[PDB]
Amino acid sequence: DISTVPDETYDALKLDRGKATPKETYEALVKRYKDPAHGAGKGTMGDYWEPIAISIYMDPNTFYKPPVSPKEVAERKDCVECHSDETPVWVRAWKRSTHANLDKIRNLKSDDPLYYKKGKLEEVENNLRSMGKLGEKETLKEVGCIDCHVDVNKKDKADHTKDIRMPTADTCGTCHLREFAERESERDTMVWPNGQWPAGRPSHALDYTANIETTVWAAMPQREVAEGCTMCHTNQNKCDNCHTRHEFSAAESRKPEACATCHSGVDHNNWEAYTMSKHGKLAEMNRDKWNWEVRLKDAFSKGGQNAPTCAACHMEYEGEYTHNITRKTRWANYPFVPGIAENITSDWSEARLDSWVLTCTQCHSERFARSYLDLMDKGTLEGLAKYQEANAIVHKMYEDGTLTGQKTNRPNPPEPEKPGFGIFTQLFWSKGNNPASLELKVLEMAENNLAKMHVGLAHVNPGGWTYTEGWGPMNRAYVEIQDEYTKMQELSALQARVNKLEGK
Amino acid sequence: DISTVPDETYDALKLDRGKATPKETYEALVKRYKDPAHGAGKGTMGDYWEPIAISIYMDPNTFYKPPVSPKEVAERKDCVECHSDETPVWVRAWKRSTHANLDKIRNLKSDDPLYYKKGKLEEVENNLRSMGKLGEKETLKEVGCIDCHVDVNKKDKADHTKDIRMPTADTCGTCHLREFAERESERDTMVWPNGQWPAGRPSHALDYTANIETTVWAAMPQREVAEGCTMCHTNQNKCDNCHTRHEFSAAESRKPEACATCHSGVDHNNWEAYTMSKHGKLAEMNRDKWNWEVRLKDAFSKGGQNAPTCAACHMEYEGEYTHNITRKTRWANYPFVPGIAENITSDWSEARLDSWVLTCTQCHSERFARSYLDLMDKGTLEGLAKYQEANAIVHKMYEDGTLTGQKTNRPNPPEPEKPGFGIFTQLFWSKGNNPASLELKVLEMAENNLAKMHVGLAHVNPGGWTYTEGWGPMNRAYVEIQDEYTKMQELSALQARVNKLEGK
Amino acid sequence: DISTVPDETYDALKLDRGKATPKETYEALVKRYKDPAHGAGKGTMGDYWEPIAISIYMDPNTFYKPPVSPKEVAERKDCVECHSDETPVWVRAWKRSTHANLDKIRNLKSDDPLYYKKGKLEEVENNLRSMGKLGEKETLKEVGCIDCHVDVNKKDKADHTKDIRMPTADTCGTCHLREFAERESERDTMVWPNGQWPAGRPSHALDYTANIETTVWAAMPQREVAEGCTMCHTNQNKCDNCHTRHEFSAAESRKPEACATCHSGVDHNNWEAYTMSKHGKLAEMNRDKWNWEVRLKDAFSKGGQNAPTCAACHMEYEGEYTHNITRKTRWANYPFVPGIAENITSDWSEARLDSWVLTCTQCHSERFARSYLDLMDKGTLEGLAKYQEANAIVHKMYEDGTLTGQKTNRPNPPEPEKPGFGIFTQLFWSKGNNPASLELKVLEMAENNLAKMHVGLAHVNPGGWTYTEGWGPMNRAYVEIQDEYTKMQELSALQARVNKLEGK
Amino acid sequence: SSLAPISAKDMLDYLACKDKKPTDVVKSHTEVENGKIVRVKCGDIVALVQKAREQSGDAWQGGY
Amino acid sequence: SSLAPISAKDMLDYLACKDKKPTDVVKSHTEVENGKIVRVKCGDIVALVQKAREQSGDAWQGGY
Amino acid sequence: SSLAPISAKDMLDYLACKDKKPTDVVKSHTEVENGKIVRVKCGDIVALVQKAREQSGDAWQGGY
Ligand code: HEC
Ligand code: HEC
Ligand code: HEC
Ligand code: HEC
Ligand code: HEC
Ligand code: HEC
Ligand code: HEC
Ligand code: HEC
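Reading the values: rules and limits
- Residues numbered from 1 in each chain as written, not as in the entry; some residues may be left out.
- Chains lettered and ligands numbered in written order.
- Heavy atoms only, no water.
- Helix = DSSP H or I, 4+ residues; strand = E, 2+ residues; numbered from the N terminus.
- Rg over C-alpha atoms; globule rule 2.2 N^0.38 Å.
- Buried < 20%, exposed > 50% of the residue type's maximum accessible area, 1.4 Å probe, protein only.
- Contact = heavy atoms within 4.5 Å.
- Areas by Shrake-Rupley, 256 points an atom, 1.4 Å probe, with all protein chains shown as cover.
- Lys, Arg positive; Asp, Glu negative; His and termini not counted.
- Charge placed at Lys NZ, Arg CZ, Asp CG, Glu CD.
- Buried area = accessible area lost by both parts, 1.4 Å probe.
- Salt bridge = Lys/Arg side-chain N within 4 Å of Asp/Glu carboxyl O.
- Polar contact = N/O pair within 3.5 Å; in protein donor to acceptor, adjacent residues only side chain to side chain.
- Near = heavy atom within 4 Å.
- Nonpolar A, V, L, I, M, F, W, Y, C, P; charged D, E, K, R; others polar.
- Pairing = 2+ DSSP bridges.
- Least-squares fit on C-alpha atoms.
- Donors = N, O, S within 2.8 Å, 3.2 Å for Na, K, Ca; no water.
- Tetrahedral: all angles 85-135°; square planar, octahedral: opposite > 155°, others 65-115°.
- Domains from an automatic or database assignment.
- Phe/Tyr/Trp six-rings, centres within 6.5 Å; stacked < 30°, edge-to-face > 60°.
- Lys NZ or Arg CZ within 6 Å of the ring centre and 35° of its normal.
- Disulfide = S-S within 2.5 Å.
- Core = buried A, V, L, I, M, F, W, Y, C linked by side-chain atoms within 4.5 Å.

If you check the header, you'll see the entry was determined by X-ray crystallography and the resolution is listed as 1.99 Å.

Draft legend 1. Seen up close, the overall build of chain A. Looking only at helices and strands, chain A has 27 helices and 4 strands in total. Here chain A has a C-alpha radius of gyration of 26 Å; the compact-globule value for 504 residues is 23 Å, and the two agree. In chain A, which comprises 504 residues, the proportion classed as buried is 63%. A fraction of 61% describes how many contacts in chain A between residues 6 or more apart in sequence connect residues 24 or more apart. Looking at chain A as shown, the accessible area adds up to about 19,200 Å², and 52% of this sits on carbon and sulfur atoms. When the 66 basic and 76 acidic side-chain charges of chain A are each reduced to a single mean position, those positions are 2 Å apart.

Draft legend 2. View of the interface of chain B and chain C. Each partner contributes to the interface: chain B provides 53 residues, whereas chain C provides 73 residues. Taken together, the two surfaces of chain B and chain C that pack against each other cover about 5,200 Å², and 59% of this comes from carbon and sulfur. Counting across the interface, chain B meets chain C through 3 salt bridges. At the boundary of chain B with chain C, the tally comes to 28 residue pairs in polar contact. Those elements giving two or more residues to the side of chain B that touches chain C turn out to be α19 (278–286), α24 (366–399) and α26 (471–502) of chain B. Of the residues forming the side of chain B that touches chain C, the biggest block, 17 residues, is contributed by α26(B).

Draft legend 3. Representation of the site of ligand 4 within the structure. All names here are of chain B. The immediate surroundings of ligand 4 are formed by 19 residues, with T98, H99, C172, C175 and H176 found nearest. In the environment of ligand 4, an oxygen atom lies 2.9 Å from a nitrogen or oxygen atom belonging to the side chain of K117. Here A250 contributes a backbone N or O atom positioned 2.7 Å from an oxygen atom of ligand 4. If you list the elements that add at least two residues to the shell around ligand 4, you get α8 (116–130) and α10 (169–175). Take the shell around ligand 4: its biggest share by element is 4 residues, from α8. Residues belonging to the shell around ligand 4 are distributed by class as follows: 11 nonpolar, 6 polar and 2 charged.

Draft legend 4. Region of the structure containing the interface of chain C and chain F. Counting from both sides, the interface comprises 16 residues of chain C and, opposite them, 21 residues of chain F. Across the interface of chain C and chain F, roughly 1,400 Å² is buried in total on both sides, 63% from carbon and sulfur atoms. Three residues, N194(C), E342(C) and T345(C), lead the burial of chain C against chain F; their summed loss comes to 43% of the area buried on that side. In terms of residue count, helix α21 (residues 366–400) of chain C provides more of the side of chain C that touches chain F than any other element does, 6 residues in total. Grouping the amino acids of the side of chain C that touches chain F by side-chain chemistry returns 5 nonpolar, 7 polar and 4 charged.

Draft legend 5. Region of interest: the pairing of strand β1 (residues 25–33) of chain D. Residue and element names in this part refer to chain D. As defined by bridge partners, β1 adjoins strand β2 (residues 36–41) across 5 bridges and the pair is classed as antiparallel. Note that in β2 the partner of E33 across the bridge is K36. The loop that links β1 with its antiparallel partner β2 comprises 2 residues; one of these, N34, has a positive phi angle of about 50°.

Draft legend 6. Structural context of the side chain of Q196(A). Here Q196(A) shows up in the loop between α12 (186–189) and α13 (207–212). Under the relative-accessibility criterion, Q196(A) is labelled buried at 9%. Within the structure, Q196(A) has its side chain in polar contact with the side chain of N194(A) (distance 2.8 Å). Among residues more than four places away in sequence, those in contact with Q196(A) are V337(A), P338(A), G339(A), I340(A), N343(A) and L3(D).

Draft legend 7. Structural context of the relation of the copies chain B and chain C. The two copies are related by a screw operation: chain B maps onto chain C through 120° of rotation and 0.0 Å of translation along the axis, at an RMSD of 0.2 Å. The operation mapping one copy onto its partner corresponds to a three-fold rotation axis. For chain B, the smallest separation between a C-alpha atom and the rotation axis is recorded for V498(B), amounting to 3.9 Å. A share of only 11% of the interface residues of chain B reappears at the interface of chain C, consistent with the copies meeting through non-equivalent patches.

Draft legend 8. A look at the coordination of the iron atom of ligand 8. Residues and elements named next belong to chain A. All of the protein donors around the iron atom of ligand 8 are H83 (NE2) and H160 (NE2); their distances to the metal are 1.9 to 2.0 Å. One can describe the donor arrangement at the iron atom of ligand 8 as octahedral, given that its 6 donor atoms subtend angles of 87 to 178° at the metal. With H83 in helix α5 (residues 76–86) and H160 in the loop between β2 (158–159) and α10 (169–175), this pair connects stretches of sequence that are 77 residues apart.

Draft legend 9. Main features of the domain arrangement of chain A. Residue and element names in this part refer to chain A. Partitioning chain A into structural domains gives domain 1 (1–240) and domain 2 (270–504). Spacing between the C-alpha centres of domain 1 and domain 2 amounts to 32 Å. Between domain 1 and domain 2, the residue contacts involve 31 residues of the former and 31 residues of the latter. Taking both partners together, domain 1 and domain 2 bury about 2,500 Å²; carbon and sulfur atoms supply 70% of that area. Of all the elements in the fold, those that place two or more residues in the side of domain 1 that touches domain 2 are α8 (116–130), α11 (177–184), α12, α14 (215–219) and α15 (223–231). Considering only residue class, the side of domain 1 that touches domain 2 consists of 17 nonpolar, 9 polar and 5 charged.

Draft legend 10. Highlighting the pattern of salt bridges. Scanning all chains against the criterion turns up 124 salt bridges over all chains. A single salt-bridge network, built from bridges that share partners, covers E350(B), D354(B), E366(B) and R370(B).

Draft legend 11. Up close: helix α6 (residues 88–95) of chain B. Among the 8 residues of α6(B), 6 are classified as buried, and the element is accordingly described as predominantly covered. Among the residues of α6(B), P88(B), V89(B), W90(B), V91(B), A93(B) and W94(B) are the ones counted as buried.

Draft legend 12. Layout of the packing of aromatic side chains. Counted by the stated rule, this structure contains 51 aromatic pairs over all chains. Ring centres of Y33(B) and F180(B) lie 5.5 Å apart, and the angle between their planes is 85°; on these two criteria the pair is classed as edge-to-face. Here the residue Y33(B) occupies a position in helix α2 (residues 22–33), and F180(B) occupies one in helix α11 (residues 177–184), the gap between them amounting to 147 residues. Summarising the burial analysis for this pair, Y33(B) and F180(B) share the class buried. Each ring, one from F424(B) and one from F428(B), has its centre 5.6 Å from the other, and the planes form 35°; the classification is tilted. Look at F428(B) and you get buried, because its relative accessible area is 2%. Here the aromatic residues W197(A), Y334(A), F336(A) and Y387(A) are joined through ring pairs into a cluster of three or more. Here the basic side chain of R223(A) rests over the ring of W217(A), its NZ or CZ set 4.7 Å away from the ring centre.

Draft legend 13. Spatial organisation of the state of the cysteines. One pass over the structure, following the stated rule, counts 3 disulfides over all chains. A sulfur-sulfur distance of 2.1 Å marks the disulfide that ties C17(E) to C42(E). Taking the sign of the S-S torsion, -80° for the link of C17(E) and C42(E), the bridge is left-handed. Taken together, the residues span a long stretch of sequence, with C17(E) in the loop between α1 (8–16) and β1 (25–33) and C42(E) in helix α2 (residues 42–56) at a distance of 25 residues. What makes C17(E) buried here is its relative accessible area of 4%. Summary of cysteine pairing: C145(B) is not part of a disulfide, and the nearest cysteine sulfur, belonging to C79(B), is at 5.1 Å. Exposure remark for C145(B): the relative accessible area of 22% places this residue in the partly exposed category.

Draft legend 14. Here's a closer look at the site of ligand 5. Taken together, 21 residues are adjacent to ligand 5, and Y64(C), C79(C), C82(C), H83(C) and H160(C) come closest. Chain contributions to the surroundings of ligand 5 come from chains B and C. Between an oxygen atom of ligand 5 and a side-chain N or O atom of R367(B), the distance comes to 2.7 Å. Note that an oxygen atom of ligand 5 is positioned 2.5 Å from one of the side-chain N or O atoms of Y64(C). Among the secondary structure elements, those contributing two or more residues to the shell around ligand 5 are α24 of chain B together with α5 (76–86) and α9 (145–149) of chain C.

Draft legend 15. The arrangement of the chains, seen in detail. Separating chain D from chain F is a minimum C-alpha gap of 31 Å, and the two share no contact. A gap remains between chain E and chain F, which never touch, and the nearest two C-alpha atoms on either side lie 31 Å apart.

Draft legend 16. Summary view of the environment of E186(A). Residues and elements named next belong to chain A. Within the secondary structure layout, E186 lies in helix α12. C-alpha separation for the pair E186 and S203, spaced 17 residues apart in sequence, amounts to 6.3 Å. Within polar-contact distance, the side chain of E186 engages the backbone nitrogen of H204 at 2.9 Å.

Draft legend 17. How the structure looks around the nonpolar core. Judged by nonpolar contacts, the single largest core of 94 residues is most densely connected at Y372(C) and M445(C). Element by element, the count of residues in this core is highest for α21(C), at 13 residues. Residues contacting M445(C), with those up to four places away along its chain left out, are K386(C), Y387(C), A390(C), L450(C), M474(C), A477(C), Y478(C) and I481(C). In this structure, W331(B), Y478(B), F63(C) and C229(C) belong to the second largest nonpolar core, which totals 93 residues.

Given below as structure tokens:
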């Protein structure tokens, strides 16, 4: 049994928690993980795009083949010897990593705050033994180049041109079954009441699927631009975006900075909002007092941590910490998504709010935490209302056919995209007057400013929903939309008068 | 007497500095502090707005009532014991705070760089004894939950439903009379020669008053947006925005990050300008080498500090450090405020410039500091001149009635706001064409880009007044204003031609 | 010989690297360095601008004169004693710097990671002996105020009003001939194949020249704005912008923060892109694990550095590190500069790409690095294509005379600037409708958004070329350009219809 | 299945009318008309939302 | 009470004229006309500023 | 001397045609027409670039 894996996952895998061995749990996870029907491979728009050179690292299971050179056959020890100047720092960082020092992990004493790692090592060993990768009396000696890149516990020679792989989530999951299973459980715990987002989304388990199922990502010709999107969307495929290769430091993944390359920017400025909040500024000021090596479970006690971090808030659920980050999600960043605002008062949302309150009240009183979360919810709706008013204006012009260039210079987006009003495609593709400026403006009003407004509220950055992000920029968008609307009315009136004169 | 409190405060309080005791000084300070005629309470627009749930933490003296639940009668130890479970991180933070370890302060030795805290504890005790809250020979045993949240040095039971309070500035000032008085002295030292700002403002002593006396803050319906403003404006009411609850670390409040949540963003980007300057980059690079625990007085010697920080620059005044941050203010962020630019050559401003030169010349030569402060003043005026030219164009359009929708779709702002051109309300409220796009643009050109230009000049971030903030964005605004002005004149010319043709 | 100085430099100085003494090399370097024909002095537009007060520190060789007060005749220790009161932090910082602790450097042992500094000290002494500033048996005792600010190894008294200088690059280079010569070699190694940029540019050696040869910098009246530009452009003149006065710490200069005040902002956001990349976020997370005191050559071994930094990437060249940062430059930040895109496939650029592959493969496999750098190049061209389409539209309006106000309100820029379309001057100077909005918009599409797109790609910040910088903002500029273009066509069609009606 | 849409302003007015009598009048959180924050009668917004919840049917699985 | 307004461009030319003779001519810090920075005669801007200071009266308590 | 200009889209198409036959067809990296990414024949782009390289003369010292 894996205590932190939800029942919904064993159910989806048709497994009995009590009986399923590690190997059976792993194989059932991997079968779903690799199934194209469940998000693997090129997805439904594969006919429209081809990988670029870096794509072999972004989705190795679909695209990676080992290098045709060097032509080498290598044992475990040979990897380090050659790579010590071929890829020097990989070797140096691997050498000081926990993976290269499993004996230090065995020798941890039960009073050491890092002792939990000895148990994790023994659980990995138990997993490997169930999978037949490790003898029952055989200790796991190390996790070296050849284990992740060729085969776990490989005893013989590997052909560099045939046997090298890029380690994907299922490769790590061979040993780290719990964490892989927790991550994959996002597929099973993130069911929206009304299909507001597809089942299992948003999540790290399906981030790449979500990327390659985005029409403009498949449709746009600028593949190197599109692959920037992919780089923020590889958690599904590989497990080294928070605790990076080759140190693979859990201490690193607990730092807010680990999330920031992806969770930042114009349509979700979580990094920016959190770091400007008092929480984040405390985390900056106190980062060198904290023992980031203790597990999240022990951060507030043994780690001396006294301000919340991304991991501490989002990996917590009902007193436990797991790799599943979906189970308290309510707004899912984009407040305008149909059904999200209407669902915010449901029992389903209220139970996730109660879970959020349990997170906050490790520190704040419940009265305080609820009074702020109420502010967050109402503030987000206040932003949504401002956008809805502006959208109703521009949408009406689209439906009436009066956007600039709408009937004279609005070419169709690239296949298989369908023409529409204010579609996501129009943020990454434009031609002629597709989109119109008013249309892009009101789309960005929701996609960027309303989103950042909600992120600022959710992460307690007051400037981030008032002056600087959120309300202020939405105010300008509203003003400019209303201004251009009035100019366009007055122009149409003038054209109507010139039409009268041409009728006489 | 409090050596660091200016004469103006004793005179404002009708006190004799040579006779006033801590008790008399405290009572007169708090009397003014709680007087609605001097800024306490809901202010002059209280009829237009109501608190929301979190307002009880933002303005406790006006809005806080203790929770109806739990029904607990609790002694001092009971607070700690039960909150060990209800709010464990608060108890953990409190327990390692100076407040919980006064005996360690009592035993500090004269060679300890923190030795000054012993003197400070004895002054607190002297304050409390003067106030009758502590026996003349009774040591202050701790500052615990029950002291801040119920009554200082409380010896018996407290009723959780009747006796709990949120500690406001006057709560802390019971013990920290010097710091509270220094802070309150901002009311009396920030007198502009020509009322450029209201007396005592801008200051931390009156930030909440300033907030609730802002018309749009009182008048707008989006109360959760408005409370974002409030969260940056609570120093008046509570002392934990720089040294936060519950650790209340003075080392924390000396770090620039302490100021950043409020002193940032689109209309005053001090965090962003400072941190990008050499000063701030040096502070980032050397923060681990400085002893942040030494008082600001000792920062550049005992602290090892070799680059300036917000607190070291802004709390320094004539070689001393106090909680009064107003005495060197000359520009006050917004260079377009009537009378500010004209006042910058006054003896009054020159005396404060001399005070700044004293601050810079702990490090730089005076010739260097003066050459830069000259550039700061003149560079600010150059930005101001650019705004003034652009504003003259748009303001004339308003007076000519020719802004977009000015006569057809310009609804009045919410009460008690009065309609006007380019008013602050138009940053946080808009409807129809109030404001017009040109009006908002020129308003933001002063409010955001010219302010940030000055902030970048004052904080020595060259990109912050040339390319990235200030000049570049103001250039764009001017260009777009001029462009729309010409388009609108050409449209008027075309309408005149069509009107002539209709005159047949 | 100075083995790290390129042959191009000894050739340009007409020196034989096998035979030139330190004194000869220094003198040849400095003669060029101080020659107005090679960028010294006020430059070709010196008649259009005058220094302001701070310029004496920005370009001391042209403008610095010692202060008229104090009237002091001081010995070496007089400097320290008096300035212990006048500039106390300078004395404190100086006292703990290597310069004031040379005996510490002499006594370093061969097993100390900082042992290389002893050799550097001995090379400095050799330089000074060749120059006749130091006896053949005389040790350099210290580098003190009198040394940099009056004369190296001065033994007698200095007249404060006659003899004080601000130390320029040639002052430091008296001792640090190697670093000064490496820096100056950028003049000689940065020769573009087709003169895409002027010889030796872009570079630190010529950054001030580049600044004062910028027409709008010389021409604009807002001198304090223009000097903001100068503050980013002083590397040519003084050596303390990365390792600042008065500590002059190499460890400081190796930190990414050292580059950030200059290499940031709207037209080159290297700091922002780098710090948001995984590289920079790792550098932030791991900074306190690295020994920044080891030289760059030892950073990834002895220093523990496991993520790349500005200095390590850009000073590395063919496995060595020098102060010359030019030798791998291919794109030089602005992709639209004539000939830069076309040159990206040349042998010259491919060979610099090979050098970059050497840098990246300290960590990544060559296959990985090359696949990303390929993405960088093609992603940049994709941005450039988008800009070029938008520019063709607005440029055609310019050639047609239909830009707003083009024929009625387009005043000429200040002398010696010449009028034109979308010129750099229009970013810093505007009057009437020079520039027009669409013109500024398409210029900023290239100068700001395309540049930042490229920086984001070069520095591996996905959001920085897709959503948040680069593609997204360029998408919006394109959309608004097409939108205004259509509106202007529609308006001129309406005008023509009115013109036809007026023909009766 | 999908929720009947409810505008944000109606959601806000609905939240403002929690534990209010139908005759109670609250301020809009979003609307200003004729220089005054619009006032909303709680029974109107409660009715407006309840009829949306009826068109949602089983899509609305409960909540306020 | 209130200071008579002086434009930023005038403040700048005033400061440019510090310790100049009235007949000295300085460059504007802000104005370009006909492709050249405007030149300012110091006596003129001093007269402009002094007549504003005369209108300020006792509101101006001293300074450059 | 100066390189004869080559647009970014042509540089992209030229790179895409690297080691392709003149008859091979690749997708544009930048152009969408009639709802489809434009297809480019490698022979045409290679001819276009070579004629810019001919006009460049000695300016092009070699490379792809
Ligand atoms: C067995 C052959 C393993 C494979 C394959 C992977 N990991 Fe591993 N890892 C393994 C053990 C026995 C341990 C120590 C026990 C523990 O979990 O601590 C680890 C450790 C880690 C850590 C923590 C290291 C630390 O900070 O102390 C991380 C973050 C980690 N492992 C991640 C990780 C990833 C991403 C993998 C796939 C690329 C991966 N591991 C594979 C055993 C094995
Ligand atoms: C608690 C003090 C938090 C910390 C620290 C961080 N986040 Fe957060 N986050 C928090 C809340 C209350 C919410 C809104 C919850 C809701 O009602 O939906 C969020 C939201 C997010 C999201 C969207 C998912 C969601 O739960 O809605 C993301 C992707 C997110 N936050 C990321 C994130 C990052 C990257 C953080 C560190 C920079 C971070 N969060 C910290 C609470 C808290
Ligand atoms: C349980 C047996 C308690 C003991 C004894 C004390 N406190 Fe308490 N407190 C308790 C709970 C369950 C809560 C949550 C109330 C809520 O709904 O959030 C609180 C709350 C507080 C607060 C916050 C009040 C607020 O408005 O948010 C404070 C400041 C507080 N408690 C202080 C406090 C003091 C000083 C106590 C000893 C006199 C004390 N508490 C005892 C539970 C219990
Ligand atoms: C007496 C019952 C106190 C009350 C009420 C408050 N404080 Fe206190 N504090 C008190 C003492 C005797 C000391 C030690 C002497 C000293 O000044 O250091 C302190 C300490 C602090 C500090 C410094 C702690 C540190 O950095 O080591 C701060 C920043 C501080 N106190 C702030 C503070 C605040 C904000 C208060 C109201 C919320 C407050 N104190 C109340 C005594 C007492
Ligand atoms: C007092 C008895 C002094 C002694 C002896 C020395 N210096 Fe000095 N220095 C002194 C003052 C009061 C000032 C400030 C002048 C001003 O108007 O800012 C200075 C300044 C400098 C500077 C900066 C010069 C500049 O243009 O900014 C330098 C570089 C400097 N002093 C160096 C210096 C040296 C090298 C000395 C020994 C030969 C020395 N000073 C002695 C006061 C006194
Ligand atoms: C001889 C009189 C010198 C002059 C003039 C300057 N420097 Fe120096 N510096 C000198 C020596 C002998 C040493 C020790 C050898 C070494 O290279 O380390 C130094 C050291 C430095 C350092 C490194 C300090 C450290 O990190 O330990 C730097 C960054 C440095 N020097 C810079 C520098 C600058 C910018 C100068 C002009 C303002 C300068 N030095 C002048 C000797 C001498
Ligand atoms: C390697 C991982 C890098 C680090 C760390 C930093 N930079 Fe970089 N930079 C890098 C590349 C591959 C490129 C493009 C090279 C090319 O032209 O093809 C750049 C580009 C720059 C430039 C322009 C000069 C040039 O080489 O083209 C500058 C001025 C620059 N980078 C600055 C810079 C800064 C300030 C950094 C830290 C904040 C930084 N770089 C880190 C690779 C790497
Ligand atoms: C030289 C004799 C080698 C030995 C033995 C091993 N590796 Fe290697 N590896 C080598 C080179 C020269 C390269 C670069 C190929 C390129 O074009 O960049 C590599 C590459 C790798 C990679 C990266 C694969 C990729 O597609 O980018 C990995 C993951 C790798 N090598 C792993 C690896 C392992 C596990 C080895 C022992 C079985 C091993 N290498 C041995 C050179 C040599």
